[PDB]
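2 protein chains.
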Amino acid sequence: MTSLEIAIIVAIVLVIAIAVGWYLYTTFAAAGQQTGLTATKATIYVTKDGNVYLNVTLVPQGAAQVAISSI
Amino acid sequence: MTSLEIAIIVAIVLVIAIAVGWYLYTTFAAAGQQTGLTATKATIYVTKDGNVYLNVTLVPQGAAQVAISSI
């Protein structure tokens, strides 16, 4: 087909290819941030007056600021 | 044919040829401006008070001012 046609088709083709490629990149960058909490040490402490409190040690697995909902 | 005829025919022929040639040029110049958006980084952010906002990085593919319709 005429070079005009190859011009049009290559333009649209390149736009679509770049879009999909950097879509893959962004999906990878979002999947790499999957995170979660893990505990390495926990011993509930109790005082003489009845006050209790948990003294735990956390380590965030991943690269993010995990949000604690409830204990 | 008589040079009168060749004069007439070459005039009309040259007009038509120039018209079609610069038609091809203008079609190429219009096809070269095919454009589109592409994203390279996107991470939705959320505040403590519930306000959310997307912080994306855009790069226009092509040579034009793309118009965003909806997200």
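Going down the list, the sequences are from chains F and T. If you count by PDB author numbering, then the first sequence holds residues 1 to 71, one letter each, in order. If you count by PDB author numbering, then the second sequence holds residues 1 to 71, one letter each, in order. Every residue gets a Cβ at the ideal spot worked out from N, C-alpha and C, and that includes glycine.
So if I threshold CB-CB distances at 7 Å, which residues from the segment 19-30 of chain T count as touching chain F? Those would be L24, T27 and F28, in chain order.
Closer than 9 Å, Cβ to Cβ, to anything on chain F: give me those residues from the segment 57-71 of chain T, in chain order. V59, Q61 and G62
The segment 61-69 of chain F / the segment 18-37 of chain T touching (three or more Cβ pairs under 8 Å): Fewer than three Cβ pairs drawn from the segment 61-69 of chain F and the segment 18-37 of chain T lie within less than 8 Å of each other, which leaves the two stretches out of contact.
With 16 other Cβ atoms within 10 Å as the buried cut-off, status of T38 of chain T: buried
Secondary structure of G21 of chain F, DSSP reduced to three states: helix
If you drop the 5 nearest sequence neighbours on each side, which residues of the same chain put their C-beta closer than 7 Å to that of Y23 of chain F? none
Which of helix, strand or coil DSSP assigns to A29 of chain T: helix
Closest Cβ-Cβ distance between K41 of chain T and chain F: below 8 Å? yes
Taking 6 Å as the limit between beta carbons, can you name the residues of its chain near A64 of chain F, skipping five residues before and five after? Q33 and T35
What did DSSP end up calling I44 of chain T once you bin it into helix, strand or coil? strand
In whole angstroms, what separates the C-alpha of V56 of chain T from that of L54 of chain F? The alpha-carbon atoms of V56 of chain T and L54 of chain F are separated by roughly 40 Å.
Mind checking which residues open and close the beta strand (DSSP E) that includes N55 of chain F? Counted as a single uninterrupted DSSP element, the beta strand (DSSP E) harbouring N55 of chain F occupies residues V52 to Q61.
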